[PDB]
>>> print(open('work_0.cif').read())   # mmCIF, C-alpha atoms and all ligand atoms
data_coords
#
loop_
_atom_site.group_PDB
_atom_site.id
_atom_site.type_symbol
_atom_site.label_atom_id
_atom_site.label_comp_id
_atom_site.auth_asym_id
_atom_site.auth_seq_id
_atom_site.Cartn_x
_atom_site.Cartn_y
_atom_site.Cartn_z
ATOM 1 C CA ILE A 195 -7.305 -15.016 13.611
ATOM 2 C CA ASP A 196 -10.691 -16.546 12.722
ATOM 3 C CA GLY A 197 -9.282 -20.051 13.057
ATOM 4 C CA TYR A 198 -6.395 -19.392 10.652
ATOM 5 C CA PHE A 199 -2.690 -19.882 11.369
ATOM 6 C CA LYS A 200 -0.724 -17.158 9.580
ATOM 7 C CA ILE A 201 3.046 -17.291 9.043
ATOM 8 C CA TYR A 202 5.059 -14.114 8.467
ATOM 9 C CA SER A 203 8.803 -14.505 8.030
ATOM 10 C CA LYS A 204 11.893 -12.781 6.669
ATOM 11 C CA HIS A 205 15.575 -13.744 6.436
ATOM 12 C CA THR A 206 17.513 -10.503 6.863
ATOM 13 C CA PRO A 207 21.282 -10.546 6.245
ATOM 14 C CA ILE A 208 23.255 -9.432 9.290
ATOM 15 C CA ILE A 209 25.519 -6.383 9.132
ATOM 16 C CA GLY A 210 27.256 -6.466 12.502
ATOM 17 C CA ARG A 211 27.035 -8.941 15.385
ATOM 18 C CA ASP A 212 23.517 -9.004 16.868
ATOM 19 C CA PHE A 213 20.281 -7.102 16.167
ATOM 20 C CA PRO A 214 21.439 -4.525 13.597
ATOM 21 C CA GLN A 215 19.561 -1.240 13.472
ATOM 22 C CA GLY A 216 17.228 -1.243 10.486
ATOM 23 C CA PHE A 217 13.744 -1.840 9.153
ATOM 24 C CA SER A 218 12.453 -4.853 7.231
ATOM 25 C CA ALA A 219 8.845 -5.867 6.674
ATOM 26 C CA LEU A 220 7.810 -9.489 7.197
ATOM 27 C CA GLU A 221 6.165 -10.932 4.100
ATOM 28 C CA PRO A 222 3.647 -13.721 4.786
ATOM 29 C CA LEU A 223 4.726 -17.202 3.719
ATOM 30 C CA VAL A 224 1.804 -19.600 4.231
ATOM 31 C CA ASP A 225 -1.693 -19.367 5.703
ATOM 32 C CA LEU A 226 -3.199 -22.507 7.238
ATOM 33 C CA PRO A 227 -6.835 -22.701 8.501
ATOM 34 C CA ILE A 228 -6.458 -25.012 11.494
ATOM 35 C CA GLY A 229 -8.974 -23.508 13.904
ATOM 36 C CA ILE A 230 -7.684 -24.790 17.245
ATOM 37 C CA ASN A 231 -6.815 -23.296 20.600
ATOM 38 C CA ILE A 232 -3.228 -22.217 21.335
ATOM 39 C CA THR A 233 -1.903 -20.987 24.683
ATOM 40 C CA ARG A 234 1.651 -22.332 25.055
ATOM 41 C CA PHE A 235 4.648 -23.289 22.921
ATOM 42 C CA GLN A 236 8.213 -24.555 23.280
ATOM 43 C CA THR A 237 11.063 -24.158 20.805
ATOM 44 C CA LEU A 238 12.995 -27.258 19.741
ATOM 45 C CA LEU A 239 16.801 -27.264 19.868
ATOM 46 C CA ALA A 240 18.808 -29.696 17.754
ATOM 47 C CA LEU A 241 21.116 -32.051 19.656
ATOM 48 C CA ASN A 242 24.081 -33.552 17.797
ATOM 49 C CA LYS B 533 -11.948 -3.651 -24.086
ATOM 50 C CA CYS B 534 -14.758 -2.653 -21.739
ATOM 51 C CA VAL B 535 -15.856 -5.903 -20.075
ATOM 52 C CA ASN B 536 -16.806 -7.275 -16.663
ATOM 53 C CA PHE B 537 -14.353 -9.363 -14.664
ATOM 54 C CA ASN B 538 -14.308 -11.624 -11.615
ATOM 55 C CA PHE B 539 -10.898 -12.455 -10.111
ATOM 56 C CA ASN B 540 -10.994 -14.795 -7.092
ATOM 57 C CA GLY B 541 -14.196 -13.170 -5.861
ATOM 58 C CA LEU B 542 -13.112 -9.631 -6.781
ATOM 59 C CA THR B 543 -15.544 -8.176 -9.315
ATOM 60 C CA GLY B 544 -15.841 -4.947 -11.248
ATOM 61 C CA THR B 545 -16.210 -3.314 -14.633
ATOM 62 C CA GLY B 546 -13.488 -1.671 -16.681
ATOM 63 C CA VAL B 547 -10.735 -2.161 -19.229
ATOM 64 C CA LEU B 548 -7.650 -4.301 -18.642
ATOM 65 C CA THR B 549 -4.246 -3.303 -20.015
ATOM 66 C CA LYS B 550 -0.699 -4.523 -19.530
ATOM 67 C CA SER B 551 0.940 -2.746 -16.596
ATOM 68 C CA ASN B 552 4.434 -2.265 -15.204
ATOM 69 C CA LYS B 553 3.740 -2.290 -11.451
ATOM 70 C CA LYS B 554 5.684 -5.127 -9.814
ATOM 71 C CA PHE B 555 3.582 -7.011 -7.285
ATOM 72 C CA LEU B 556 5.158 -8.900 -4.429
ATOM 73 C CA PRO B 557 5.009 -12.707 -4.791
ATOM 74 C CA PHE B 558 2.035 -12.858 -2.412
ATOM 75 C CA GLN B 559 0.123 -9.648 -3.195
ATOM 76 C CA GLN B 560 -3.007 -10.342 -5.240
ATOM 77 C CA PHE B 561 -4.548 -7.015 -6.287
ATOM 78 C CA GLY B 562 -3.511 -3.388 -5.974
ATOM 79 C CA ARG B 563 -5.485 -0.440 -4.638
ATOM 80 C CA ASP B 564 -5.196 3.335 -4.839
ATOM 81 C CA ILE B 565 -4.770 6.137 -2.309
ATOM 82 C CA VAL B 566 -8.534 6.760 -2.406
ATOM 83 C CA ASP B 567 -8.803 3.007 -1.724
ATOM 84 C CA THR B 568 -10.296 1.738 -4.967
ATOM 85 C CA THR B 569 -9.290 -1.305 -6.991
ATOM 86 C CA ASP B 570 -6.627 -0.314 -9.493
ATOM 87 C CA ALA B 571 -4.539 -3.333 -10.531
ATOM 88 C CA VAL B 572 -5.118 -7.082 -10.242
ATOM 89 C CA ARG B 573 -2.984 -10.166 -10.847
ATOM 90 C CA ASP B 574 -4.331 -12.864 -13.143
ATOM 91 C CA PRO B 575 -4.757 -16.037 -11.041
ATOM 92 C CA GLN B 576 -3.781 -18.342 -13.918
ATOM 93 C CA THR B 577 -0.561 -16.992 -15.451
ATOM 94 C CA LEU B 578 0.354 -14.590 -12.601
ATOM 95 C CA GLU B 579 0.244 -11.725 -15.106
ATOM 96 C CA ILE B 580 -0.236 -8.192 -13.818
ATOM 97 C CA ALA C 920 12.560 55.226 -11.048
ATOM 98 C CA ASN C 921 15.575 53.571 -9.412
ATOM 99 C CA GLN C 922 13.630 53.026 -6.191
ATOM 100 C CA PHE C 923 10.738 51.466 -8.106
ATOM 101 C CA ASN C 924 13.090 49.218 -10.086
ATOM 102 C CA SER C 925 14.752 48.058 -6.867
ATOM 103 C CA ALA C 926 11.340 47.496 -5.273
ATOM 104 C CA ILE C 927 9.980 45.553 -8.248
ATOM 105 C CA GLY C 928 13.209 43.542 -8.355
ATOM 106 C CA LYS C 929 12.582 42.129 -4.879
ATOM 107 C CA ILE C 930 9.032 40.991 -5.692
ATOM 108 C CA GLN C 931 10.179 37.673 -7.169
ATOM 109 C CA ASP C 932 12.025 36.921 -3.909
ATOM 110 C CA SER C 933 9.543 37.865 -1.171
ATOM 111 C CA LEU C 934 6.646 36.256 -3.054
ATOM 112 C CA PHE C 935 7.819 32.678 -2.418
ATOM 113 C CA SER C 936 10.770 32.491 -0.013
ATOM 114 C CA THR C 937 9.072 34.353 2.848
ATOM 115 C CA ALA C 938 5.966 32.101 2.589
ATOM 116 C CA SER C 939 3.214 34.177 4.301
ATOM 117 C CA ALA C 940 1.332 35.176 1.153
ATOM 118 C CA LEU C 941 0.590 32.856 -1.797
ATOM 119 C CA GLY C 942 -1.012 30.374 0.590
ATOM 120 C CA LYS C 943 -4.625 31.189 -0.221
ATOM 121 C CA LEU C 944 -4.558 29.667 -3.713
ATOM 122 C CA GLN C 945 -2.767 26.586 -2.389
ATOM 123 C CA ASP C 946 -5.371 26.328 0.372
ATOM 124 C CA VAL C 947 -8.168 26.543 -2.206
ATOM 125 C CA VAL C 948 -6.648 23.795 -4.353
ATOM 126 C CA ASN C 949 -5.916 21.566 -1.358
ATOM 127 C CA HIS C 950 -9.397 22.025 0.111
ATOM 128 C CA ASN C 951 -11.142 21.176 -3.151
ATOM 129 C CA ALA C 952 -8.924 18.144 -3.792
ATOM 130 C CA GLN C 953 -9.385 16.962 -0.203
ATOM 131 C CA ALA C 954 -13.164 17.294 -0.454
ATOM 132 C CA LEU C 955 -13.134 15.273 -3.679
ATOM 133 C CA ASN C 956 -10.922 12.577 -2.151
ATOM 134 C CA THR C 957 -13.062 12.351 0.985
ATOM 135 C CA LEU C 958 -16.188 12.056 -1.160
ATOM 136 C CA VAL C 959 -14.630 9.218 -3.158
ATOM 137 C CA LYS C 960 -13.323 7.420 -0.060
ATOM 138 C CA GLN C 961 -16.825 7.318 1.447
ATOM 139 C CA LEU C 962 -17.792 4.698 -1.144
ATOM 140 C CA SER C 963 -15.806 2.051 0.755
ATOM 141 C CA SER C 964 -17.778 2.642 3.959
ATOM 142 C CA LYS C 965 -20.303 0.100 5.200
ATOM 143 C CA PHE C 966 -22.711 2.470 7.013
ATOM 144 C CA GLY C 967 -23.889 -0.527 9.027
HETATM 145 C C1 LIG A 1001 -2.653 -23.014 -13.341
HETATM 146 O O1 LIG A 1001 -2.577 -24.058 -14.281
HETATM 147 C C2 LIG A 1001 -2.075 -23.615 -15.526
HETATM 148 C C3 LIG A 1001 -2.245 -24.723 -16.541
HETATM 149 O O2 LIG A 1001 -1.889 -24.250 -17.818
HETATM 150 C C4 LIG A 1001 -0.625 -23.137 -15.367
HETATM 151 O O3 LIG A 1001 -0.167 -22.520 -16.548
HETATM 152 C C5 LIG A 1001 1.156 -22.997 -16.862
HETATM 153 O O4 LIG A 1001 2.116 -22.417 -16.010
HETATM 154 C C6 LIG A 1001 3.433 -22.876 -16.233
HETATM 155 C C7 LIG A 1001 4.317 -22.359 -15.121
HETATM 156 O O5 LIG A 1001 4.355 -20.953 -15.161
HETATM 157 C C8 LIG A 1001 3.877 -22.442 -17.633
HETATM 158 O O6 LIG A 1001 5.158 -22.934 -17.952
HETATM 159 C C9 LIG A 1001 2.905 -23.006 -18.662
HETATM 160 O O7 LIG A 1001 3.181 -22.538 -19.955
HETATM 161 C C10 LIG A 1001 1.472 -22.615 -18.315
HETATM 162 N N1 LIG A 1001 0.545 -23.235 -19.222
HETATM 163 C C11 LIG A 1001 -0.305 -22.560 -20.017
HETATM 164 C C12 LIG A 1001 -1.187 -23.417 -20.891
HETATM 165 O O8 LIG A 1001 -0.372 -21.340 -20.045
HETATM 166 C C13 LIG A 1001 -0.533 -22.100 -14.250
HETATM 167 O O9 LIG A 1001 0.795 -21.792 -13.917
HETATM 168 C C14 LIG A 1001 -1.222 -22.600 -12.985
HETATM 169 N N2 LIG A 1001 -1.207 -21.591 -11.961
HETATM 170 C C15 LIG A 1001 -0.630 -21.743 -10.755
HETATM 171 C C16 LIG A 1001 -0.737 -20.550 -9.838
HETATM 172 O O10 LIG A 1001 -0.056 -22.766 -10.408
HETATM 173 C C1 LIG A 1002 -11.268 -22.911 22.587
HETATM 174 O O1 LIG A 1002 -11.640 -21.774 21.846
HETATM 175 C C2 LIG A 1002 -12.939 -22.016 21.319
HETATM 176 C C3 LIG A 1002 -13.317 -20.877 20.395
HETATM 177 O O2 LIG A 1002 -14.623 -20.435 20.688
HETATM 178 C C4 LIG A 1002 -13.969 -22.298 22.438
HETATM 179 O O3 LIG A 1002 -15.123 -22.919 21.912
HETATM 180 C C5 LIG A 1002 -13.441 -23.253 23.514
HETATM 181 O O4 LIG A 1002 -14.249 -23.263 24.657
HETATM 182 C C6 LIG A 1002 -12.016 -22.885 23.915
HETATM 183 N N1 LIG A 1002 -11.441 -23.823 24.842
HETATM 184 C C7 LIG A 1002 -10.583 -23.478 25.823
HETATM 185 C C8 LIG A 1002 -10.076 -24.604 26.692
HETATM 186 O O5 LIG A 1002 -10.220 -22.328 26.012
#
>>> encode(input="work_0.cif", output="structure tokens")
Amino acid sequence: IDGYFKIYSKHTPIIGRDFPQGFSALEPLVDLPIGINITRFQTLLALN
Amino acid sequence: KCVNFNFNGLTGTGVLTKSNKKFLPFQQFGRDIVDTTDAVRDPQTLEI
Amino acid sequence: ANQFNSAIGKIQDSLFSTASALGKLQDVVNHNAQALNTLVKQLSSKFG
């Protein structure tokens, strides 16, 4: 938004196996004013 | 004491007393239900 | 006298539990408080 890259993250402990039912807000971590154009991404997977 | 303050571009006039409201690590200043400035965090010592 | 005592003894029940009545004073208080809050909230408006 307005040329800023905002990061919101949260590390919720897991009670169960996958996607437990519950609510948890995502507190912002770092705001970075880059101001570029973003349309695509690709996650990186570690290879050992 | 009744003084005028300017906190990171937030200005106003009033008295400043020690509070007990616990801000989140990122929240800067607090507002009321009627949406008026009520509590601010000191930018230097992170005091509320 | 017994009928009146029995009738007056049920006043403290039907006044609150049945709702119905006793809402006009609450409506007055709520309306005045809401008008005050709406008047105060208008200060944050831009009006262009
Ligand atoms: C802004 O700089 C001041 C310089 O004093 C920092 O104040 C110090 O903060 C540390 C860490 O909390 C304390 O141990 C020192 O006692 C403080 N010094 C004084 C003189 O009060 C302050 O923390 C800095 N603010 C930020 C957000 O980094
Ligand atoms: C990138 O977004 C900016 C923002 O205005 C614009 O100037 C530019 O034309 C956009 N480029 C592309 C390839 O979408």
>>> atom_distance(input="work_0.cif", atom1="atom CA of residue 573 of chain B", atom2="atom CA of residue 964 of chain C")
24.5 Å
>>> atom_distance(input="work_0.cif", atom1="atom CA of residue 564 of chain B", atom2="atom CA of residue 956 of chain C")
11.2 Å
>>> resolve_selection(input="work_0.cif", expression="the PyMOL selection byres ((chain B) within 10 of (chain A and not hetatm))", output="list in words")
residues 556, 557, 558 and 559 of chain B
>>> atom_distance(input="work_0.cif", atom1="atom CA of residue 202 of chain A", atom2="atom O1 of ligand LIG 1002 (chain A)")
22.7 Å
>>> residues_near_ligand(input="work_0.cif", ligand="ligand LIG 1001 (chain A)", cutoff="9 Å", atoms="all atoms listed in the file", output="list in words")
residues 575, 576, 577 and 578 of chain B
>>> closest_atom_pairs(input="work_0.cif", of="chain A", to="ligand LIG 1002 (chain A)", cutoff="10 Å", atoms="only C-alpha atoms and all ligand atoms", output="JSON lines")
{"residue": "A:196", "atom": "CA", "partner": "A:LIG1002", "partner_atom": "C3", "distance": 9.2}
{"residue": "A:197", "atom": "CA", "partner": "A:LIG1002", "partner_atom": "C3", "distance": 8.4}
{"residue": "A:229", "atom": "CA", "partner": "A:LIG1002", "partner_atom": "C3", "distance": 8.2}
{"residue": "A:230", "atom": "CA", "partner": "A:LIG1002", "partner_atom": "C1", "distance": 6.7}
{"residue": "A:231", "atom": "CA", "partner": "A:LIG1002", "partner_atom": "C1", "distance": 4.9}
{"residue": "A:232", "atom": "CA", "partner": "A:LIG1002", "partner_atom": "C1", "distance": 8.2}
{"residue": "A:233", "atom": "CA", "partner": "A:LIG1002", "partner_atom": "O5", "distance": 8.5}
>>> axis_aligned_box(input="work_0.cif", around="segment 217-222 of chain A", padding_each_side="3 Å", output="JSON")
{"center_x": 8.7, "center_y": -7.8, "center_z": 6.6, "size_x": 16.1, "size_y": 17.9, "size_z": 11.1}
>>> closest_atom_pairs(input="work_0.cif", of="chain C", to="chain B", cutoff="12 Å", atoms="only C-alpha atoms", output="CSV")
residue,atom,partner,partner_atom,distance
C:952,CA,B:566,CA,11.5
C:953,CA,B:566,CA,10.5
C:954,CA,B:566,CA,11.7
C:955,CA,B:566,CA,9.8
C:956,CA,B:566,CA,6.3
C:957,CA,B:566,CA,8.0
C:958,CA,B:566,CA,9.4
C:959,CA,B:566,CA,6.6
C:960,CA,B:566,CA,5.4
C:961,CA,B:566,CA,9.2
C:962,CA,B:568,CA,8.9
C:963,CA,B:567,CA,7.5
C:964,CA,B:567,CA,10.6
>>> resolve_selection(input="work_0.cif", expression="the PyMOL selection byres (((chain B and resi 537-553) around 12) and not hetatm)", output="PyMOL selection string")
chain B and resi 533-536+554-556+559-563+568-576+578-580
>>> decode(input="work_0.cif", residues="chain C", atoms="C-alpha atoms", output="short mmCIF file (atom, residue, chain, number, x, y, z; two decimals), in the first residue's frame")
data_model
loop_
_atom_site.label_atom_id
_atom_site.label_comp_id
_atom_site.auth_asym_id
_atom_site.auth_seq_id
_atom_site.Cartn_x
_atom_site.Cartn_y
_atom_site.Cartn_z
CA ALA C 920 -55.80 -5.95 52.80
CA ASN C 921 -54.47 -9.43 51.98
CA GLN C 922 -55.22 -8.93 48.28
CA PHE C 923 -53.42 -5.58 48.29
CA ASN C 924 -50.42 -7.04 50.12
CA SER C 925 -50.22 -9.87 47.59
CA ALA C 926 -50.56 -7.39 44.73
CA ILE C 927 -47.90 -5.04 46.10
CA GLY C 928 -45.65 -8.04 46.74
CA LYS C 929 -45.53 -8.88 43.03
CA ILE C 930 -44.56 -5.34 41.98
CA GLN C 931 -40.84 -5.94 42.55
CA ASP C 932 -41.01 -8.94 40.20
CA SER C 933 -43.05 -7.71 37.22
CA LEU C 934 -41.23 -4.37 37.18
CA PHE C 935 -37.95 -5.82 35.86
CA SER C 936 -38.26 -9.49 34.86
CA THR C 937 -41.13 -8.99 32.39
CA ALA C 938 -39.25 -6.12 30.66
CA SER C 939 -42.04 -4.19 28.85
CA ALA C 940 -42.14 -1.18 31.17
CA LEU C 941 -39.07 0.57 32.63
CA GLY C 942 -37.69 1.01 29.12
CA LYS C 943 -38.57 4.68 28.71
CA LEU C 944 -35.98 5.94 31.21
CA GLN C 945 -33.34 3.66 29.71
CA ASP C 946 -34.27 4.96 26.25
CA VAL C 947 -33.92 8.55 27.47
CA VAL C 948 -30.48 7.90 28.95
CA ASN C 949 -29.29 5.96 25.90
CA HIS C 950 -30.56 8.60 23.46
CA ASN C 951 -28.88 11.46 25.31
CA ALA C 952 -25.59 9.56 25.67
CA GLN C 953 -25.71 8.53 22.01
CA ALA C 954 -26.33 12.11 20.89
CA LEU C 955 -23.37 13.28 22.98
CA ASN C 956 -21.11 10.54 21.59
CA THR C 957 -22.15 11.27 18.00
CA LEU C 958 -21.49 14.97 18.55
CA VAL C 959 -18.01 14.22 19.89
CA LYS C 960 -17.20 11.74 17.11
CA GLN C 961 -17.96 14.35 14.45
CA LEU C 962 -14.75 16.17 15.40
CA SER C 963 -12.69 13.50 13.63
CA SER C 964 -14.50 14.07 10.33
CA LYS C 965 -12.78 15.80 7.43
CA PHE C 966 -15.85 17.39 5.76
CA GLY C 967 -13.82 17.57 2.56
#
